[PDB]
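Let's start with one chain on its own, the form deposited in one PDB entry, as structure tokens.
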């Protein structure tokens, strides 16, 4: 389980990722600091407006870290955490636990509430414009800001992935057995798309609400918002993470290497980033694409597909 998290980008351009420690990397590729967060972190750091960095650890804590790398506080649970923290519209920090609860933590480290489910939560929540908190595990949950259930959506026997929420409030999830569901804000199904493929990747939205996800066997699907397939791009390597969308609509994803796909489904470029698999691309405002390898390398890639720099832990 000791692998490297996907990268996050702070508002000041610092790049963060978790592994044996939490690493903060300057935009020029040099290490800014590192932070010991217990045994190991495999989750994506979250960064608040005021620059606080939140990290969930396999040691069972939510850590809050000041911008200079010192600890602000820690919040303790009794079970490992594989759910990346997310920040709500009002600076509440949400994460899922292997104890089955969704935790809401205040910015001073006090627990605001916890929401009980009957299965470990292994993916991050997603926050809607009105503050509704959505997450996926053994079904799709919509939680009000006070921790009471707004609705749940049953999506079958099998694991559902992190929800993606569109501008009009449609909620998208994939399920292990190959479905993409589109759910209305009131919790009713809008449509479903079936692939007959194992899906481990959560969906991402871009280019006029096109929904993209990778199948485990290496196909990147682009689905129109009416539920019809737009295209399917073939690679010959597994996809297990979500894609990321650039400012010009380019679709980036990591598997054996980093792929940049144009909105029309043609490959723009690919970038080789080591013999191990890469994580979900993080895209800067300046167009730089960051990916980590599972063995603790961080790559910075220019919009044209050439390497800008690499950092090794």
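Note that the rigid core is defined as the largest set of C-alphas that superpose within 1.5 Å between two forms. Numbering follows the first chain given and starts at 1.
- Look at the C-alpha B-factors of 54-62 and of 272-280. On average they run higher in 272-280.
- The stretch 139-147 shows the higher mean C-alpha B-factor when 139-147 is compared against 196-204 in the entry.
- Residue-level inspection of the entry shows that, of 82, 99, 168, 209, 99 has the top Cα B-factor.
- Comparing the C-alpha B-factors of 132, 241, 123, 159 in the entry, the top value falls on 159.
- In this PDB entry, the Cα temperature factor of residue 219 sits in the bottom third of its chain's modelled residues, the lowest group.
- Among all modelled residues in its chain, residue 231 ranks in the middle third by Cα B-factor.
- In this PDB entry, the Cα temperature factor of residue 95 sits in the bottom third of its chain's modelled residues, the lowest group.
- When the modelled residues of the chain are ordered by their C-alpha B factor, residue 7 lands in the lowest third.
- In the PDB entry, residue 172 places in the lowest third of its chain by CA B-factor.
Separately, the form deposited in another entry exists; it is not shown, and the next lines address it.
- With the core fitted between this form and the one not shown, just one of 288, 244, 52, 57 shows a Cα displacement of at least 2 Å, namely 57.
- A movement of the C-alpha atom of residue 269 falling short of 2 angstroms is seen between this form and the one not shown when the two forms are aligned on their rigid core.
- The Cα position of residue 78 differs by 2 Å or more between this form and the one not shown after fitting on the rigid core.
- After superposing the rigid core, the Cα of residue 42 is displaced by 2 Å or more between this form and the one not shown.
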